[PDB]
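*Asks:* Before I ask anything, let me first share the structure, which is written out below as structure tokens.
Every number in this text was worked out from the coordinates using simple rules, so none of it is lab data. Note that each Cβ is placed from the backbone with ideal geometry, even for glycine, and that neighbours are counted across all protein chains shown.
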Amino acid sequence: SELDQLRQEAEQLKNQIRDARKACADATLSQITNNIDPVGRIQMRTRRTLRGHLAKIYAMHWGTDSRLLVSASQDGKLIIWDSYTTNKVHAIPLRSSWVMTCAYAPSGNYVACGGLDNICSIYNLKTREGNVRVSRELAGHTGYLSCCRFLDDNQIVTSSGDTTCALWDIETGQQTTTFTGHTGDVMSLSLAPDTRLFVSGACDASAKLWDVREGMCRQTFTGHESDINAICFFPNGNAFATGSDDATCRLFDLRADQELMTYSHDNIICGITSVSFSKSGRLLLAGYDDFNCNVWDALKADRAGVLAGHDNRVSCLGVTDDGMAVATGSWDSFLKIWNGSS
Amino acid sequence: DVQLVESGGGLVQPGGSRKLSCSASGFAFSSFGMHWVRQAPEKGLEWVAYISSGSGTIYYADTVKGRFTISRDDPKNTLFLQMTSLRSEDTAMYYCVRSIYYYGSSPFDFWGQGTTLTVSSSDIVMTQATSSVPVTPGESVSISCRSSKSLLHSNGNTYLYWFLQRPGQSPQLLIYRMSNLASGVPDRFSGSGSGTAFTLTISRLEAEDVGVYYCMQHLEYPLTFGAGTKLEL
Amino acid sequence: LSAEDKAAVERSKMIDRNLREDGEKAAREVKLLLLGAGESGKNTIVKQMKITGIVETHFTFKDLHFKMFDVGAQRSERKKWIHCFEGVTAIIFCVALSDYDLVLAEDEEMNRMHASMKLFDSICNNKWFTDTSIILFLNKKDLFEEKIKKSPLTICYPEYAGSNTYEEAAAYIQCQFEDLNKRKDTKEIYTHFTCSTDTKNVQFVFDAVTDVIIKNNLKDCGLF
Amino acid sequence: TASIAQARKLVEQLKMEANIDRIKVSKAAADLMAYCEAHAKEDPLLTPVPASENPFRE
Amino acid sequence: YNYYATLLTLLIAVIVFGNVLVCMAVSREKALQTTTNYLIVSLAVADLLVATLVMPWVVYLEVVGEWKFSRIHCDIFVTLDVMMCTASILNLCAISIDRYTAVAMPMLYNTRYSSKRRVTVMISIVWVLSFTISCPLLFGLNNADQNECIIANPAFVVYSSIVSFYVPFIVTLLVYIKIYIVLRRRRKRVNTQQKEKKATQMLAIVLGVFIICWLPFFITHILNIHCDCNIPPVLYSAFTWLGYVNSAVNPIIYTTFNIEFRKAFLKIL
Ligand SMILES: CC(C)C[C@H]1C(=O)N2CCC[C@H]2[C@]2(O)O[C@](NC(=O)[C@@H]3C=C4c5cccc6[nH]c(Br)c(c56)C[C@H]4N(C)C3)(C(C)C)C(=O)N12
């Protein structure tokens, strides 16, 4: 009487919103980018090979100054690096050795990392003492934490395996807003440059964008047939790019409210561990788990280059804020740093 | 918070052996690189010795080379300076200084209280233009410091450090690497300059800004303090 | 290279030394995975051997550190965190023998024993554990002997001979889990019947882990 | 009543997203392309910087 | 003999071909970079040194039948020949100790840092001891004439042969027996099979080839002194080549039979 009455109205709305997307889809992005020149072969060499890890690297985030970078590893060690001079800035002994994620604060003060322990421990780097201590042990999630991005020194958005994202307060140590929209385990996060919105893809093959002010699911994107593992924003904050296990990266647009491009090649059938953008956004760096990274072209869906220096599968790759170098971290315990050569 | 209190000395015949013990509490002593700096009565500071973290690389000054040995014990968190064959020149106040070294680090940030050892009876020459300037609180004062060698290194940052020493108090870091500010200093202090002739500009003086301003170079050892500008309210 | 830069390298060398030493200690300790239903006697083994999220239990038996990860508390999909556990020595896999007649709580169409075998099929035939041996424990040996006389094993299996004694039925249950293993040359199942004695359960783990380590060593050496 | 509560939230959520006004792809594609053209010179990965300007030198 | 020289020339290619491929494969693949394989690389490098620094000079000497080079050149040739061959034999004893370590004391071999330290110690001891044995020969204790240069001092060879060949052979035979005792005992316990069968085959093949190749030449030297009886020169020559054949057979016995290495062969071909 009511269960099937609402199940038919839900499928009607879903049908009603796909007709709107089709109607506003007169052209694709494959047609507005034919007249522009191609990117060419982006041959980026391995400038540095950050080593010292003895186990698999799960995540790495850059800094605001585009020099320091934080690495999360399986051995229970969170290492802050110096990309230029290749010397360890810090190496935090972690309480859990199954750290799935780590971010670096935009001010450089704190570093967060959570994993299978389901707590995103926020470490205070710039402290009065020598050692790096635990500011707060954020707890309240039921599943594994897959991302811990920073809005600022006081607010951290975290994605978890209990199908919920949560906007944490660092001072009080409690959730201020809990984003409960997915039916599958959430794997990614990506903060917008204006820090108001954030999209996060889950294992239900859907990427939802949540506002941090109101706290509800602004939009919902579909199209993938497998689990979305990594999303990053185009540097406007108007488009994100997903990475699934079907070897397809899609370029969903927020104002058009649908997919623009499909970054997929025939020879690759493997998963997409990490996605990233350049400063301009022309190059879409996607980290495939067939041991190498493909330098996709965002506007043309052309494989401009291949970062093929890693023996085991690349897990997290990030590009600096100035866009200088892309550092890719694989499971062979090497954070190679890649940069173009003139 | 953090506290360095060093004891040992005060009555030593010339040629004697006095061992200075610096007891460190409240911080991770093993991480920091310890410094001993000496200050003669009504004279400028001189750098004595440095031990790195883990006792890897130990630097001495030219005047104290071969006579003084610096040792650190990491479990007891104690810094030991063994001073042998003391001269008339070695009457000074020895400060136990802790320094950290990484990108964005603030070395020479915390300073010991100091112990007085009195006795009975080439490198970058850091000079300063004036020695004492009478100024009033509330106006902008510019203390200059001219280096003999260009402190700008190839990596990009110039290693000049500003230290404020109050009368009857220990020195403190307030500007490190000529542009950045230490933890606890207000934003009224601003360091500028380019290449060699570096300068420090205070926006507004207060009662807690009176003292002596030094300008240590840190491009290469030995570390050279300039003859400080005394300020009188 | 400036004095600040040289001391920063000296700090990194000190970080390198401690990080290498910690990795040496991490290599010495033996990681082993723990999968169970949660009410199937997994808890019983953890309390005996010791005397939300992951639970880590450290116990030393004979000149060896054992690290155990109790990952049954997470209700998420296994596919997106089982790849962390690729480098591991063994997988302790607790299955109660009393679960053959008891129905599963969530759906009750499938028996608890069949659900455990579905869990076993996923972990054994996983692409990440093609070389990692599995240690299987049959937890409720005491309860199973009493229950089998009252209720036969025929309710769980359409195809079964019908012996209805402990000696032959338990061996058949052991056979069923071993048959689910598709790859027999790379990984071997080590079945054990869990008893109340604390020493016996830990002894089997020490024996099996030592046996698995020798197989890894011999494969690396090349005698295999 | 768990199924009914979940159904009501899902139906309400879909209605909210449907009211959001969406622009054409052609206008949206041009704006995304415009950002790339504007910041093409600034990007080091798109156009490789010289080795002196590059902080990463072999 | 020109026809006899032609077959010997072919052997030179076989030793180089197997050893070059195995050394390159280990560097390329991280799977082949394990603890035991590094010692196998030492053997392969030692065989290449026999193939390049030693083998053409031996071939040339057979054709001419008389040492036409300088006296100083022969002393270097004798020093290299003894050292590189001893290095090959001692590497097999090093592999024996390494393989025995894995079975007897699994904890030490399992840990990567401790095992890496062992490889550095083992490679150092093997190469330095081989140099130490050949060190007196370099000075000039070879008492050969200027016309024909062969090792003519019997006293030195006896002491040298014991350390170079006899002492490791007693260790190598005993160690592989001990490894076989544990594998046989383990096989009985499991039965009370494919991996154990192959392991039994490997142990027989490893000891067998070493006995077939290196052992004849050394036995003759001891036998000749004790009997005080003349022996034909051809016997020393024939057994010397047979001992060299093992260097060609060394990659096949150690590298090829393992399953992981077989993939490296397919990539090259
Ligand atoms: C050792 C003496 C008894 C053999 C002697 C000899 O009598 N020859 C007659 C014709 C061939 C020649 C000889 O075999 O050929 C010569 N060379 C050799 O026989 C080489 C010398 C060897 C040797 C001598 C002493 C201690 C040793 N430990 C080890 Br490991 C070896 C070794 C390796 C072994 N290599 C394989 C052969 C000349 C060409 C240099 C030689 O010295 N020969």
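*Asks:* Name the residues in the range A:247-287 that are over 24 Å from residue A:17 (Cβ atoms), β-branched (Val, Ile, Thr) and in contact with a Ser or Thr (Cβ under 8 Å, 6 or more places away or on another chain), would you?
*Replies:* Scanning the range A:247-287 gives A:272, A:273, A:275.
*Asks:* Quick one: how many residues across the range A:36-61 are in contact with a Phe, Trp or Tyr (Cβ under 8 Å, 6 or more places away or on another chain), within 14 Å of chain C (Cβ to nearest Cβ) and outside any loop (DSSP other than H, G, I, E, B)?
*Replies:* 4
*Asks:* Can you confirm whether the range E:232-254 contains a residue that is more than 16 Å from the ligand (Cβ to nearest atom), surrounded by 14 or more Cβ atoms within 10 Å (Cβ to Cβ) and not aliphatic (A, V, I, L, M)?
*Replies:* Yes, the range E:232-254 contains a residue that is more than 16 Å from the ligand (Cβ to nearest atom), surrounded by 14 or more Cβ atoms within 10 Å (Cβ to Cβ) and not aliphatic (A, V, I, L, M).
*Asks:* Quick check on this structure: which one of A:304, A:239, A:256 is within 12 Å of another protein chain (Cβ to nearest Cβ) and out of contact with any strand residue (DSSP E or B) (no Cβ under 8 Å at 6 or more places or on another chain)?
*Replies:* None of the other options fit; the residue is A:256.
*Asks:* Also, I was wondering about something else. Tell me, yes or no, whether the range E:185-202 has at least one residue that is closer than 25 Å to residue E:129 by Cβ and either within 12 Å of the ligand (Cβ to nearest atom) or within 14 Å of another protein chain (Cβ to nearest Cβ) (or both).
*Replies:* Scanning the range E:185-202 turns up no residue that is closer than 25 Å to residue E:129 by Cβ and either within 12 Å of the ligand (Cβ to nearest atom) or within 14 Å of another protein chain (Cβ to nearest Cβ) (or both).
*Asks:* Taking strands (runs of 3 or more DSSP E) that do not extend beyond the range B:105-188, which have at least 3 residues that are over 18 Å from residue B:229 (Cβ atoms)?
*Replies:* Where strands (runs of 3 or more DSSP E) fall fully within the range B:105-188 and carry at least 3 residues being over 18 Å from residue B:229 (Cβ atoms), they are B:115-117.
*Asks:* When you go through E:131, E:165, E:156 one by one, which is the residue that is within 11 Å of the ligand (Cβ to nearest atom), under 17 Å from the mean Cα position of the chain (by Cα) and aromatic (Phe, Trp, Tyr)?
*Replies:* One residue alone meets the criteria, E:165.
*Asks:* Select from the range C:1-39 the residues that are closer than 17 Å to residue C:66 by Cβ, more than 7 Å from every other protein chain (Cβ to nearest Cβ) and in a helix (DSSP H, G or I) and list them in ascending order.
*Replies:* C:25
*Asks:* Determine whether residue A:33 is within 22 Å of the chain's Cα centre (by Cα), within 29 Å of residue A:338 (Cβ to Cβ), of a type in the set (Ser, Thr, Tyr) and in a loop (DSSP other than H, G, I, E, B).
*Replies:* Criteria not met by residue A:33.
*Asks:* Mind checking which residues of the range B:63-111 are of a type in the set (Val, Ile, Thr) and under 16 Å from residue B:17 (Cα atoms)?
*Replies:* Answer for the range B:63-111, where residues must be of a type in the set (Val, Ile, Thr) and under 16 Å from residue B:17 (Cα atoms): B:64, B:69, B:70, B:84, B:91.
*Asks:* Which residue pairs have Cβ atoms closer than 8 Å, lie 6 or more positions apart in sequence or on different chains, and pair a first residue in the range D:1-19 that is among the charged types (D, E, K, R) with a second residue that is surrounded by 13 or more Cβ atoms within 10 Å (Cβ to Cβ)?
*Replies:* Cβ pairs passing all conditions: D:8/A:6; D:15/A:13; D:17/A:17; D:17/A:217; D:17/A:218; D:17/A:219; D:17/A:220.
*Asks:* Let me ask something additional. With the range A:86-164 as the region, which strands (runs of 3 or more DSSP E) entirely inside it contain at least 2 residues that are closer than 25 Å to residue A:336 by Cα?
*Replies:* Of the strands (runs of 3 or more DSSP E) lying wholly inside the range A:86-164, those with at least 2 residues that are closer than 25 Å to residue A:336 by Cα span A:90-93, A:99-104, A:110-115, A:145-150.
*Asks:* Cβ-Cβ below 9 Å, separation at least six or inter-chain, first residue in the range E:218-242 and within 14 Å of chain C (Cβ to nearest Cβ) and more than 24 Å from residue E:163 (Cβ to Cβ), second near the ligand (Cβ under 9 Å from one of its atoms) and part of a helix (DSSP H, G or I): which pairs?
*Replies:* none
*Asks:* Still on this model: Working only within the range B:29-58, note down all residues that are within 10 Å of another protein chain (Cβ to nearest Cβ) and buried (at least 19 other Cβ atoms within 10 Å of the Cβ).
*Replies:* Selection gives B:29, B:31, B:32, B:33, B:50, B:52, B:53.
*Asks:* Would you check which residues across the range E:83-105 are near the ligand (Cβ under 9 Å from one of its atoms), of a type in the set (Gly, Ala, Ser) and touching a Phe, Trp or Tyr at 6+ places or on another chain (Cβ under 7 Å) and list them?
*Replies:* Selection gives E:87 alone.
*Asks:* Also, quick follow-up: What pairs come up if the first residue lies in the range B:52-67 and is closer than 21 Å to residue C:13 by Cβ, the second is of a type in the set (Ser, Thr, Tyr) and in a loop (DSSP other than H, G, I, E, B), and their beta carbons are under 7 Å apart, counting only those six or more places apart or on different chains?
*Replies:* B:53/B:30; B:53/B:31; B:59/B:221
*Asks:* Further question on the same structure: Out of all the residues in the range A:295-341, which are assigned to a strand (DSSP E or B), touching a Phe, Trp or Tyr at 6+ places or on another chain (Cβ under 7 Å) and hydroxyl-bearing (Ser, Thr, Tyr)?
*Replies:* A:315, A:328
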